[PDB]
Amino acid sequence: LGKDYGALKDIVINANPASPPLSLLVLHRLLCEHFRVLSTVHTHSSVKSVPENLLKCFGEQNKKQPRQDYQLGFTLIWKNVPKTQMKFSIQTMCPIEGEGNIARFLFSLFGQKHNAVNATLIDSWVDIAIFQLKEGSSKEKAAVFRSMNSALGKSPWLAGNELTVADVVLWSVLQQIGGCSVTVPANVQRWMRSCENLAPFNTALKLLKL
């Protein structure tokens, strides 16, 4: 923890309202638990309308503001983009595309230190959520559940004894998978309930429906 190497402040996220990034919302609630965050929602002029729940996903904004105080600025822009995108004040950093990459960045702000093996495992799970689970066949999804269930019989969270960005992204992607029935194995069921018991997880999930 520290956060002032090259001090950046305002994080901008462009997201398509037809595809709300649930992992980023969960992450946003989590950051708020550790940092003083100033949160704003805009609608880019390339988007005609936006559902009310999405317009006010940062609604618990009625609170008195430190104003002077803010550590991080988090601006969500509903925009007609093909892929969720994060931008910074800095010209040197390219726009970051993909919620998995944005999630990795945001979770890293918590300072969690990992060794080579475990950091790479965490990254692996995020890739699986994005490249296999997000848009895979019924068979590809069944194979993900099997891997998760095996891992979750060995540790309480996907990468070990602590919540990591792996749990955030995979749980989120699972909630937005909607079309065809598949059945969840028992270690995955236990882990889902472990996730849902956390305030940031369930409040962000409620936001997604009216």
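Start at 1 and count along the sequence shown; that's the residue number.
- Look at the mean CA B-factor for 101 to 109 and for 128 to 136 in the entry; the higher one is 128 to 136.
- Looking at 198 to 206 and 21 to 29 together, the entry lists the larger mean B-factor for 198 to 206, computed on C-alpha atoms.
- The PDB entry assigns the greatest CA B-factor among 66, 153, 179, 160 to 66.
- In the PDB entry, the Cα temperature factor peaks, among 169, 38, 184, 55, at 184.
- Per-chain ranking of the deposited C-alpha B factor places residue 42 in the lowest third.
- Residue 62: CA B factor lies in the highest third for its chain, per the PDB record.
- Per the PDB record, residue ranking by Cα B-factor puts residue 96 in the lowest third of the chain.
- Per-chain ranking of the deposited C-alpha B factor places residue 149 in the middle third.
- In the PDB entry, a CA B factor belonging to the lowest third of its chain's modelled residues is recorded for residue 164.
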